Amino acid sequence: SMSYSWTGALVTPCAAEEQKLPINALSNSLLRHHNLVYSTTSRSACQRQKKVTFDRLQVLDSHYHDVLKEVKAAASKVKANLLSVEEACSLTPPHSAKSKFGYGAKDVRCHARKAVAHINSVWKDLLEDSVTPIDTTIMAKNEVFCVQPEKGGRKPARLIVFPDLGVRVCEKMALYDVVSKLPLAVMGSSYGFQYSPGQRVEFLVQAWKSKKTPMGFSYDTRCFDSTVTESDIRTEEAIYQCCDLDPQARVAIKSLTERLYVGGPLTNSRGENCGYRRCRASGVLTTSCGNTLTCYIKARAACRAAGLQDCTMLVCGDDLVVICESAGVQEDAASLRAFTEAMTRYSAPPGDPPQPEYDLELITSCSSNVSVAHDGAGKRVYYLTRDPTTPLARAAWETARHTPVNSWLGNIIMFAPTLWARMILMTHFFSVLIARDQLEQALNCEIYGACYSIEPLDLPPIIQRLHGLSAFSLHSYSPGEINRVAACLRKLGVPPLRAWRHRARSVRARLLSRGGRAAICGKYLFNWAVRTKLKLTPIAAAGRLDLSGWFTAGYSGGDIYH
(Lines of atoms letter the chains of each structure in order from A and count residues from 1; the text may use other names and numbers.)
(Lines give C-alpha, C1' and ligand atoms only; values in the text may rest on other atoms or scores of the structure.)
Protein backbone atom coordinates (compact mmCIF):
# COMPACT_ATOMS: atom_id res chain seq x y z
CA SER A 1 0.00 0.00 0.00
CA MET A 2 1.98 2.96 -1.31
CA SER A 3 1.19 6.34 0.23
CA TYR A 4 1.23 7.84 -3.30
CA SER A 5 1.56 6.70 -6.86
CA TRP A 6 2.93 9.24 -9.34
CA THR A 7 2.49 9.77 -13.06
CA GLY A 8 5.64 11.86 -13.51
CA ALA A 9 3.84 15.18 -13.90
CA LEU A 10 5.42 18.04 -11.98
CA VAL A 11 4.00 19.87 -9.01
CA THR A 12 3.68 23.31 -10.57
CA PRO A 13 3.40 26.84 -9.18
CA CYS A 14 0.31 29.03 -9.56
CA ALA A 15 2.23 32.29 -9.30
CA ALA A 16 5.81 33.54 -9.37
CA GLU A 17 7.78 32.11 -6.44
CA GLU A 18 10.62 34.00 -4.74
CA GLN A 19 13.46 31.83 -3.40
CA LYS A 20 15.69 34.42 -1.74
CA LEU A 21 14.90 36.92 1.00
CA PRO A 22 14.35 40.30 -0.71
CA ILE A 23 16.60 43.19 0.34
CA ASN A 24 14.69 45.94 2.12
CA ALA A 25 15.98 48.59 4.55
CA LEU A 26 13.53 47.64 7.31
CA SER A 27 13.98 43.87 6.95
CA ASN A 28 17.77 44.30 6.86
CA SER A 29 17.55 46.22 10.14
CA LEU A 30 16.21 43.05 11.78
CA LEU A 31 18.68 40.67 10.14
CA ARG A 32 21.54 41.17 7.69
CA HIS A 33 22.57 37.64 6.72
CA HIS A 34 19.93 37.51 4.01
CA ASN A 35 21.67 34.71 2.08
CA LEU A 36 20.78 32.32 4.90
CA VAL A 37 17.05 32.94 4.60
CA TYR A 38 15.07 31.16 1.90
CA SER A 39 11.56 30.21 0.89
CA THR A 40 10.68 26.70 -0.26
CA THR A 41 9.24 26.57 -3.77
CA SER A 42 7.84 24.11 -6.27
CA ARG A 43 11.40 23.66 -7.57
CA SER A 44 12.09 21.19 -4.78
CA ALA A 45 8.79 19.31 -4.96
CA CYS A 46 10.35 16.26 -6.64
CA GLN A 47 12.63 15.83 -3.63
CA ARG A 48 9.62 15.98 -1.31
CA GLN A 49 7.65 13.52 -3.47
CA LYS A 50 10.45 10.99 -3.08
CA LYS A 51 10.55 11.34 0.70
CA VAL A 52 6.78 11.01 1.20
CA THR A 53 6.29 7.94 -1.01
CA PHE A 54 6.57 4.56 0.69
CA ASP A 55 4.82 1.28 1.49
CA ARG A 56 2.86 1.11 4.75
CA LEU A 57 2.91 -2.17 6.62
CA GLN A 58 0.54 -2.05 9.53
CA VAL A 59 0.00 -4.65 12.24
CA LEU A 60 -2.59 -3.91 14.91
CA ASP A 61 -2.50 -5.69 18.26
CA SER A 62 -4.50 -6.05 21.47
CA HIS A 63 -3.19 -2.79 22.92
CA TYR A 64 -4.26 -0.94 19.79
CA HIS A 65 -7.74 -2.45 19.92
CA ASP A 66 -8.09 -1.77 23.65
CA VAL A 67 -7.24 1.91 23.15
CA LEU A 68 -9.59 2.17 20.13
CA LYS A 69 -12.43 0.85 22.32
CA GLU A 70 -11.74 3.59 24.89
CA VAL A 71 -11.76 6.20 22.15
CA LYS A 72 -15.06 5.02 20.69
CA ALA A 73 -16.56 4.94 24.19
CA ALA A 74 -15.45 8.51 24.84
CA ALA A 75 -16.74 9.64 21.44
CA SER A 76 -20.22 8.28 22.21
CA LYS A 77 -20.70 11.13 24.72
CA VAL A 78 -20.28 13.83 22.09
CA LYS A 79 -23.16 15.62 20.38
CA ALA A 80 -22.29 17.51 17.20
CA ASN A 81 -24.46 19.72 15.01
CA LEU A 82 -24.63 20.50 11.30
CA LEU A 83 -23.59 24.00 10.34
CA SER A 84 -25.87 25.86 7.95
CA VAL A 85 -24.44 26.94 4.60
CA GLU A 86 -24.46 30.50 5.93
CA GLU A 87 -22.54 29.51 9.06
CA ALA A 88 -19.95 27.54 7.08
CA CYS A 89 -19.55 30.34 4.53
CA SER A 90 -18.62 32.75 7.31
CA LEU A 91 -15.80 30.47 8.48
CA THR A 92 -14.07 30.88 5.10
CA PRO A 93 -10.89 33.04 5.12
CA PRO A 94 -10.73 36.06 2.77
CA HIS A 95 -7.59 34.59 1.18
CA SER A 96 -8.94 31.05 0.62
CA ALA A 97 -8.22 29.67 -2.88
CA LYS A 98 -10.98 30.46 -5.38
CA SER A 99 -13.22 27.74 -6.80
CA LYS A 100 -12.83 26.38 -10.33
CA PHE A 101 -16.59 26.81 -10.60
CA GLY A 102 -16.70 30.58 -11.05
CA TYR A 103 -16.48 32.14 -7.59
CA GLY A 104 -14.00 32.94 -4.83
CA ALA A 105 -13.58 33.48 -1.09
CA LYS A 106 -15.14 36.96 -1.13
CA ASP A 107 -18.22 35.58 -2.88
CA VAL A 108 -18.55 32.85 -0.27
CA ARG A 109 -18.14 35.30 2.61
CA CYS A 110 -20.80 37.70 1.27
CA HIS A 111 -23.14 34.76 0.60
CA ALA A 112 -23.30 35.56 -3.13
CA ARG A 113 -25.96 33.79 -5.22
CA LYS A 114 -23.54 31.96 -7.52
CA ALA A 115 -21.40 30.65 -4.63
CA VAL A 116 -24.30 29.49 -2.47
CA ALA A 117 -25.93 27.80 -5.47
CA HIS A 118 -22.81 25.74 -6.19
CA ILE A 119 -22.19 24.89 -2.54
CA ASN A 120 -25.74 23.61 -2.29
CA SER A 121 -25.21 21.42 -5.36
CA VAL A 122 -21.99 19.96 -3.94
CA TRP A 123 -23.80 19.09 -0.72
CA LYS A 124 -26.62 17.33 -2.59
CA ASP A 125 -24.04 15.33 -4.54
CA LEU A 126 -22.32 14.23 -1.30
CA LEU A 127 -25.70 12.96 -0.09
CA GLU A 128 -26.45 11.07 -3.34
CA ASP A 129 -23.03 9.66 -4.29
CA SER A 130 -20.89 7.88 -1.67
CA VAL A 131 -18.23 6.49 -3.99
CA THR A 132 -16.79 8.69 -6.76
CA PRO A 133 -13.39 10.12 -5.78
CA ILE A 134 -13.35 13.90 -5.49
CA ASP A 135 -10.60 15.84 -7.27
CA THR A 136 -7.82 17.49 -5.30
CA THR A 137 -5.11 20.00 -6.11
CA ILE A 138 -1.52 19.40 -5.12
CA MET A 139 0.70 22.44 -4.50
CA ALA A 140 4.13 23.12 -3.03
CA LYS A 141 4.02 25.23 0.12
CA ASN A 142 6.14 28.38 0.12
CA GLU A 143 7.46 28.58 3.66
CA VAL A 144 10.49 30.44 5.00
CA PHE A 145 13.45 28.93 6.85
CA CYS A 146 17.07 29.59 7.74
CA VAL A 147 19.68 27.29 6.20
CA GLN A 148 21.29 24.69 8.46
CA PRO A 149 24.34 23.31 6.60
CA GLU A 150 25.22 20.79 9.32
CA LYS A 151 21.74 19.38 8.74
CA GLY A 152 21.65 18.92 4.97
CA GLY A 153 21.34 22.47 3.68
CA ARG A 154 17.83 23.25 2.43
CA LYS A 155 14.46 21.68 3.23
CA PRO A 156 12.36 20.68 0.24
CA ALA A 157 8.87 22.22 -0.01
CA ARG A 158 6.02 20.54 1.86
CA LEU A 159 3.13 19.45 -0.35
CA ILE A 160 -0.43 20.47 0.39
CA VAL A 161 -3.41 18.61 -1.02
CA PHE A 162 -6.85 20.19 -0.95
CA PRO A 163 -10.29 20.01 -2.62
CA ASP A 164 -12.26 22.78 -4.32
CA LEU A 165 -13.67 25.69 -2.33
CA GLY A 166 -17.20 24.31 -2.73
CA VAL A 167 -16.14 21.04 -1.12
CA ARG A 168 -14.30 22.90 1.67
CA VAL A 169 -17.50 24.70 2.66
CA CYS A 170 -19.37 21.36 2.74
CA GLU A 171 -16.67 19.88 5.01
CA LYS A 172 -17.37 22.67 7.47
CA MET A 173 -21.09 21.99 7.34
CA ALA A 174 -20.63 18.27 8.10
CA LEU A 175 -17.64 18.28 10.40
CA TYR A 176 -16.68 21.67 11.86
CA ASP A 177 -18.54 20.99 15.10
CA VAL A 178 -17.14 17.44 15.26
CA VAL A 179 -13.49 18.44 14.80
CA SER A 180 -14.01 21.26 17.31
CA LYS A 181 -15.32 18.92 20.05
CA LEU A 182 -14.13 15.36 19.49
CA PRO A 183 -10.39 15.44 20.27
CA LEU A 184 -10.99 16.97 23.71
CA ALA A 185 -13.77 14.51 24.54
CA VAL A 186 -11.58 11.57 23.51
CA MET A 187 -8.22 12.41 25.03
CA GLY A 188 -9.01 14.99 27.73
CA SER A 189 -5.95 16.71 29.15
CA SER A 190 -3.76 15.10 26.47
CA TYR A 191 -5.27 17.26 23.69
CA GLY A 192 -2.67 19.96 23.17
CA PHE A 193 -4.76 22.47 21.25
CA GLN A 194 -7.02 23.16 24.25
CA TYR A 195 -4.14 25.07 25.89
CA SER A 196 -2.86 28.61 25.56
CA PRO A 197 0.95 28.77 25.86
CA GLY A 198 0.77 29.42 29.62
CA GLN A 199 -1.70 26.59 30.12
CA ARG A 200 0.55 24.26 28.14
CA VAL A 201 3.41 25.19 30.46
CA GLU A 202 1.20 24.60 33.50
CA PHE A 203 0.30 21.15 32.16
CA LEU A 204 3.89 20.14 31.43
CA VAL A 205 5.28 21.49 34.70
CA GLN A 206 2.65 19.74 36.80
CA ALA A 207 3.22 16.49 34.88
CA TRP A 208 6.95 16.82 35.45
CA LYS A 209 6.52 17.62 39.16
CA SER A 210 4.06 14.78 39.64
CA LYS A 211 6.70 12.10 38.99
CA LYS A 212 9.12 10.77 41.61
CA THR A 213 11.87 10.75 38.98
CA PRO A 214 10.51 12.18 35.72
CA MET A 215 11.66 11.16 32.26
CA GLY A 216 10.29 12.59 29.06
CA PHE A 217 10.72 12.32 25.33
CA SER A 218 9.36 13.67 22.06
CA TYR A 219 8.59 11.22 19.26
CA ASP A 220 9.07 12.40 15.68
CA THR A 221 7.23 10.28 13.14
CA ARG A 222 8.84 10.39 9.71
CA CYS A 223 6.34 11.97 7.30
CA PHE A 224 3.33 11.41 9.54
CA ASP A 225 0.69 12.19 6.89
CA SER A 226 2.11 9.47 4.63
CA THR A 227 2.07 6.95 7.46
CA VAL A 228 -1.68 7.34 7.84
CA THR A 229 -3.31 4.34 6.18
CA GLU A 230 -6.65 3.83 4.48
CA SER A 231 -7.76 1.76 7.47
CA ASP A 232 -6.63 4.55 9.84
CA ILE A 233 -8.81 6.99 7.94
CA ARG A 234 -11.79 4.61 7.88
CA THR A 235 -11.27 4.17 11.63
CA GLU A 236 -11.45 7.94 12.08
CA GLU A 237 -14.83 7.83 10.26
CA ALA A 238 -16.02 5.09 12.60
CA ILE A 239 -15.05 7.26 15.55
CA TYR A 240 -16.90 10.31 14.15
CA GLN A 241 -20.03 8.14 13.76
CA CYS A 242 -19.94 7.31 17.49
CA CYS A 243 -21.13 10.86 18.20
CA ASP A 244 -24.77 11.88 18.23
CA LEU A 245 -25.09 13.40 14.73
CA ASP A 246 -27.84 14.63 12.41
CA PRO A 247 -28.83 11.96 9.83
CA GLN A 248 -27.67 14.09 6.89
CA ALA A 249 -24.35 14.65 8.65
CA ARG A 250 -23.83 10.88 8.93
CA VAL A 251 -24.30 10.51 5.19
CA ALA A 252 -22.05 13.47 4.34
CA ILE A 253 -19.30 12.27 6.67
CA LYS A 254 -19.29 8.80 5.12
CA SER A 255 -19.25 10.31 1.62
CA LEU A 256 -16.42 12.70 2.46
CA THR A 257 -14.48 9.80 3.94
CA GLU A 258 -14.80 7.45 0.96
CA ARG A 259 -14.57 10.12 -1.75
CA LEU A 260 -11.98 12.46 -0.24
CA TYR A 261 -10.30 11.55 3.05
CA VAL A 262 -9.29 7.96 2.28
CA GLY A 263 -7.65 8.91 -1.01
CA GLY A 264 -8.10 10.34 -4.47
CA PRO A 265 -6.58 11.75 -7.64
CA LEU A 266 -4.05 14.60 -7.51
CA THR A 267 -4.13 17.39 -10.10
CA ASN A 268 -1.48 20.12 -10.40
CA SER A 269 -2.18 23.83 -10.90
CA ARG A 270 -2.06 23.28 -14.66
CA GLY A 271 -4.78 20.65 -14.64
CA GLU A 272 -2.39 17.74 -15.21
CA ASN A 273 -2.87 14.41 -13.44
CA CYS A 274 -0.01 14.04 -10.95
CA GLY A 275 -0.88 10.73 -9.34
CA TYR A 276 -3.09 9.28 -6.66
CA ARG A 277 -3.09 9.54 -2.88
CA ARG A 278 -3.80 6.71 -0.40
CA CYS A 279 -2.90 8.58 2.82
CA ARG A 280 -3.80 11.71 4.77
CA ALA A 281 -4.59 14.81 2.75
CA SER A 282 -2.79 17.74 4.41
CA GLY A 283 -5.34 20.35 3.39
CA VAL A 284 -8.73 19.14 4.58
CA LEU A 285 -10.79 20.13 7.63
CA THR A 286 -10.07 16.80 9.33
CA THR A 287 -6.28 16.98 8.93
CA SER A 288 -5.63 18.21 12.49
CA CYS A 289 -8.35 16.17 14.29
CA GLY A 290 -7.53 13.06 12.28
CA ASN A 291 -3.79 13.32 12.89
CA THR A 292 -4.33 14.05 16.57
CA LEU A 293 -6.69 11.10 17.06
CA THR A 294 -4.56 8.66 15.12
CA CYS A 295 -1.35 9.80 16.82
CA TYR A 296 -3.04 9.50 20.23
CA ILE A 297 -4.37 5.98 19.58
CA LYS A 298 -1.05 4.63 18.33
CA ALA A 299 1.01 6.43 20.97
CA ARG A 300 -1.20 5.40 23.88
CA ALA A 301 -1.11 1.77 22.73
CA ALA A 302 2.66 2.04 22.20
CA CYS A 303 3.15 3.35 25.74
CA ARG A 304 1.51 0.12 26.95
CA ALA A 305 3.68 -2.05 24.69
CA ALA A 306 6.73 -0.14 25.96
CA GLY A 307 5.86 -0.78 29.60
CA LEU A 308 6.04 2.92 30.39
CA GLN A 309 4.90 3.73 33.92
CA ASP A 310 2.45 6.53 34.79
CA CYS A 311 2.51 8.12 31.33
CA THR A 312 1.25 11.62 30.67
CA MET A 313 1.00 12.48 26.94
CA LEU A 314 0.56 15.73 25.08
CA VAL A 315 -0.59 15.38 21.48
CA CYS A 316 -0.89 18.11 18.85
CA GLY A 317 -1.55 16.59 15.43
CA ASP A 318 1.54 14.49 14.69
CA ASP A 319 3.50 16.10 17.52
CA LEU A 320 3.84 13.86 20.56
CA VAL A 321 5.52 14.29 23.93
CA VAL A 322 5.41 11.77 26.77
CA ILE A 323 6.39 12.31 30.42
CA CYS A 324 6.59 9.23 32.63
CA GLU A 325 8.00 7.69 35.81
CA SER A 326 11.60 6.68 35.22
CA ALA A 327 12.52 3.02 35.76
CA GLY A 328 16.25 3.77 35.65
CA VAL A 329 18.59 4.80 32.85
CA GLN A 330 19.06 1.44 31.13
CA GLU A 331 15.42 0.52 31.72
CA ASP A 332 14.16 3.78 30.21
CA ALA A 333 16.39 3.45 27.16
CA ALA A 334 15.08 -0.06 26.50
CA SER A 335 11.48 1.08 26.98
CA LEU A 336 11.92 3.79 24.37
CA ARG A 337 13.27 1.24 21.92
CA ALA A 338 10.15 -0.85 22.59
CA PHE A 339 7.94 2.22 22.16
CA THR A 340 9.55 2.86 18.77
CA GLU A 341 9.15 -0.75 17.70
CA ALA A 342 5.45 -0.58 18.58
CA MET A 343 4.90 2.72 16.76
CA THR A 344 6.69 1.20 13.76
CA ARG A 345 4.35 -1.80 13.77
CA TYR A 346 1.41 0.64 13.78
CA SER A 347 2.91 2.26 10.61
CA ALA A 348 4.66 5.25 12.25
CA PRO A 349 8.45 4.79 12.43
CA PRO A 350 10.59 7.73 13.59
CA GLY A 351 12.77 10.07 11.58
CA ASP A 352 15.35 10.07 14.34
CA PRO A 353 15.15 7.72 17.34
CA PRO A 354 13.59 9.32 20.43
CA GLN A 355 15.96 9.99 23.34
CA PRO A 356 15.08 9.95 27.04
CA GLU A 357 15.46 13.39 28.65
CA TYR A 358 15.80 14.06 32.39
CA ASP A 359 15.67 17.87 32.45
CA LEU A 360 12.36 19.66 31.87
CA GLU A 361 13.88 22.47 29.76
CA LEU A 362 15.23 19.96 27.22
CA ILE A 363 11.87 18.49 26.27
CA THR A 364 10.69 20.03 23.01
CA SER A 365 6.95 19.94 22.11
CA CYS A 366 5.71 21.65 18.93
CA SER A 367 9.19 23.16 18.54
CA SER A 368 8.82 24.76 21.99
CA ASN A 369 10.09 24.13 25.53
CA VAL A 370 9.43 25.24 29.10
CA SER A 371 11.96 27.64 30.60
CA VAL A 372 12.25 29.63 33.83
CA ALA A 373 12.69 33.32 34.52
CA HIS A 374 11.96 35.48 37.55
CA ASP A 375 9.56 38.23 38.52
CA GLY A 376 10.52 41.39 40.37
CA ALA A 377 10.42 39.62 43.74
CA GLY A 378 12.69 36.76 42.69
CA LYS A 379 9.83 34.27 42.29
CA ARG A 380 10.36 31.63 39.63
CA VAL A 381 8.07 32.01 36.65
CA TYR A 382 7.72 29.21 34.09
CA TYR A 383 7.03 30.22 30.48
CA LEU A 384 6.99 28.73 26.98
CA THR A 385 9.86 29.52 24.62
CA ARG A 386 11.54 28.19 21.46
CA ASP A 387 14.58 28.64 19.27
CA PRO A 388 14.08 32.06 17.66
CA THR A 389 15.66 31.24 14.28
CA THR A 390 12.53 30.43 12.30
CA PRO A 391 10.46 33.21 13.90
CA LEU A 392 13.17 35.80 13.08
CA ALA A 393 13.70 34.55 9.51
CA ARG A 394 9.97 34.71 8.82
CA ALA A 395 9.67 38.11 10.50
CA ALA A 396 12.38 39.41 8.15
CA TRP A 397 10.53 38.02 5.13
CA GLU A 398 7.22 39.50 6.31
CA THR A 399 8.86 42.91 6.73
CA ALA A 400 10.21 42.79 3.16
CA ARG A 401 7.06 41.40 1.54
CA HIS A 402 3.35 41.71 2.25
CA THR A 403 1.99 38.30 3.23
CA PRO A 404 -1.69 37.29 3.55
CA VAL A 405 -1.16 35.80 7.00
CA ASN A 406 1.76 37.04 9.12
CA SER A 407 3.57 34.68 11.46
CA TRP A 408 5.12 37.48 13.50
CA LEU A 409 2.00 38.64 15.31
CA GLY A 410 1.06 35.08 16.29
CA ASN A 411 4.63 34.59 17.48
CA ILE A 412 4.55 37.72 19.62
CA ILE A 413 1.27 36.56 21.18
CA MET A 414 2.42 32.97 21.78
CA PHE A 415 5.91 33.94 23.00
CA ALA A 416 5.33 37.32 24.65
CA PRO A 417 7.25 36.51 27.87
CA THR A 418 10.40 35.46 26.03
CA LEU A 419 13.54 37.56 25.96
CA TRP A 420 13.62 37.45 22.17
CA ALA A 421 9.96 38.29 21.48
CA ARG A 422 10.12 41.23 23.88
CA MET A 423 13.46 42.76 22.96
CA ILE A 424 13.58 41.92 19.25
CA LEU A 425 10.16 41.12 17.75
CA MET A 426 8.17 43.77 19.65
CA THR A 427 10.75 46.51 19.12
CA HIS A 428 11.11 45.66 15.46
CA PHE A 429 7.47 45.48 14.54
CA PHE A 430 6.35 48.54 16.45
CA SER A 431 9.19 50.43 14.76
CA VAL A 432 7.95 49.11 11.40
CA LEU A 433 4.32 49.99 12.10
CA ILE A 434 5.45 53.47 13.17
CA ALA A 435 7.55 53.94 10.01
CA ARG A 436 4.69 52.84 7.75
CA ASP A 437 1.90 54.58 9.70
CA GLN A 438 0.14 51.25 10.23
CA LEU A 439 -0.41 51.21 14.00
CA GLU A 440 -4.20 51.19 13.62
CA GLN A 441 -4.43 48.51 10.93
CA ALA A 442 -5.75 45.06 11.86
CA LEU A 443 -3.68 42.13 10.58
CA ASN A 444 -4.37 38.50 9.72
CA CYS A 445 -2.43 35.93 11.71
CA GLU A 446 -2.76 32.28 12.65
CA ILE A 447 -3.32 30.60 15.98
CA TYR A 448 -3.30 26.80 15.87
CA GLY A 449 -3.99 26.94 12.13
CA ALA A 450 -7.01 29.24 12.24
CA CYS A 451 -6.87 32.78 10.91
CA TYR A 452 -7.70 35.73 13.17
CA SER A 453 -7.88 39.46 12.56
CA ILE A 454 -5.91 41.15 15.33
CA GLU A 455 -5.07 44.79 16.09
CA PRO A 456 -1.42 45.23 17.15
CA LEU A 457 -2.58 48.03 19.46
CA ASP A 458 -4.46 45.36 21.49
CA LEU A 459 -1.25 43.46 22.30
CA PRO A 460 -0.86 44.54 25.94
CA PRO A 461 -4.32 43.42 27.16
CA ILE A 462 -4.01 40.25 25.05
CA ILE A 463 -0.66 39.47 26.66
CA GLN A 464 -1.98 40.18 30.15
CA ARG A 465 -4.94 37.88 29.52
CA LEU A 466 -2.84 34.98 28.21
CA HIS A 467 0.43 35.36 30.14
CA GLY A 468 -0.38 37.55 33.12
CA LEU A 469 1.07 40.83 34.32
CA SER A 470 4.47 39.25 34.98
CA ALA A 471 5.02 38.94 31.22
CA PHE A 472 5.97 42.63 31.19
CA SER A 473 8.58 42.31 33.94
CA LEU A 474 10.39 38.97 33.65
CA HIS A 475 14.14 39.03 34.13
CA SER A 476 17.03 36.73 35.07
CA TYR A 477 16.38 34.30 32.22
CA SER A 478 18.14 30.92 32.15
CA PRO A 479 21.71 30.45 30.89
CA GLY A 480 20.57 27.97 28.26
CA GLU A 481 17.97 30.41 26.98
CA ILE A 482 20.33 33.41 26.93
CA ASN A 483 22.93 31.33 25.08
CA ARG A 484 20.40 30.07 22.52
CA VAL A 485 19.26 33.60 21.75
CA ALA A 486 22.85 34.85 21.53
CA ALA A 487 23.86 32.08 19.13
CA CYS A 488 20.86 32.86 16.93
CA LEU A 489 21.67 36.56 16.70
CA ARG A 490 25.24 35.79 15.69
CA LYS A 491 24.12 33.30 13.04
CA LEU A 492 21.48 35.53 11.45
CA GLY A 493 23.33 38.86 11.67
CA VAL A 494 20.77 40.38 14.02
CA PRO A 495 21.85 43.41 16.06
CA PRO A 496 22.85 42.68 19.69
CA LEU A 497 20.29 43.06 22.46
CA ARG A 498 21.77 46.31 23.78
CA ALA A 499 21.23 47.86 20.35
CA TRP A 500 17.59 46.74 20.44
CA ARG A 501 17.27 48.38 23.86
CA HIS A 502 18.30 51.73 22.42
CA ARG A 503 15.89 51.28 19.52
CA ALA A 504 13.12 50.28 21.93
CA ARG A 505 13.61 53.46 23.98
CA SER A 506 12.87 55.47 20.83
CA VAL A 507 9.89 53.32 19.84
CA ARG A 508 8.55 53.64 23.38
CA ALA A 509 8.86 57.43 23.33
CA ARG A 510 6.93 57.69 20.05
CA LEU A 511 4.15 55.41 21.31
CA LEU A 512 3.83 57.33 24.58
CA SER A 513 3.41 60.58 22.65
CA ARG A 514 0.43 59.17 20.73
CA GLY A 515 -1.54 58.49 23.91
CA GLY A 516 -4.44 56.06 24.10
CA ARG A 517 -3.79 52.43 23.22
CA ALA A 518 -0.44 53.36 21.65
CA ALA A 519 0.72 54.75 24.99
CA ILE A 520 -0.31 51.57 26.78
CA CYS A 521 1.87 49.68 24.28
CA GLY A 522 4.81 51.97 25.07
CA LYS A 523 4.27 51.71 28.81
CA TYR A 524 3.77 47.95 29.17
CA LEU A 525 5.59 46.34 26.24
CA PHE A 526 8.75 48.43 26.65
CA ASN A 527 9.13 48.93 30.41
CA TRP A 528 12.16 46.63 30.19
CA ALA A 529 13.92 49.22 28.03
CA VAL A 530 14.04 52.23 30.35
CA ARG A 531 16.29 52.98 33.34
CA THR A 532 13.51 54.22 35.60
CA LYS A 533 10.77 51.61 35.27
CA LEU A 534 7.08 52.43 35.64
CA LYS A 535 4.76 50.56 37.98
CA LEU A 536 2.64 48.26 35.82
CA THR A 537 -0.86 47.70 37.19
CA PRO A 538 -3.58 45.47 35.70
CA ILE A 539 -4.82 46.77 32.35
CA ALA A 540 -8.51 47.70 32.48
CA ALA A 541 -9.44 46.78 28.91
CA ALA A 542 -8.06 43.27 29.49
CA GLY A 543 -11.29 41.80 30.88
CA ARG A 544 -13.30 43.28 28.02
CA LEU A 545 -11.43 41.38 25.31
CA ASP A 546 -13.46 38.62 23.69
CA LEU A 547 -10.98 35.74 23.50
CA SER A 548 -13.67 33.08 23.12
CA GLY A 549 -12.33 30.18 21.09
CA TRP A 550 -8.71 31.27 21.09
CA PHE A 551 -6.44 28.30 21.80
CA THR A 552 -9.24 25.70 21.91
CA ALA A 553 -8.82 23.46 18.84
CA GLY A 554 -6.40 22.75 16.01
CA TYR A 555 -7.33 23.62 12.43
CA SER A 556 -4.07 23.52 10.48
CA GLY A 557 -4.90 22.83 6.84
CA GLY A 558 -8.58 23.33 7.56
CA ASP A 559 -9.25 26.68 5.87
CA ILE A 560 -10.72 28.25 9.05
CA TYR A 561 -11.31 31.97 9.75
CA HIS A 562 -12.41 33.12 13.22
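Throughout, we count residues from 1 along the sequence that is shown.
- Relative to one another, 430-438 and 248-256 have unequal mean CA B-factors, and 430-438 is the one with the higher figure.
- For the pair 400-408 and 288-296, the mean B factor over Cα atoms is greater in 400-408.
- The PDB entry assigns its highest CA temperature factor, among 417, 149, 192, 307, to 149.
- Set against one another, the Cα B-factors of 37, 68, 507, 520 in the record reach their highest point at 520.
- Per-chain ranking of the deposited C-alpha B factor places residue 30 in the lowest third.
- For residue 281, the recorded CA temperature factor ranks within the middle third of the chain's modelled residues.
- When the modelled residues of the chain are ordered by their C-alpha B factor, residue 49 lands in the middle third.
- Annotation for residue 351: CA B-factor lies in the highest third of the chain's modelled residues.
- Per the PDB record, residue ranking by Cα B-factor puts residue 57 in the highest third of the chain.
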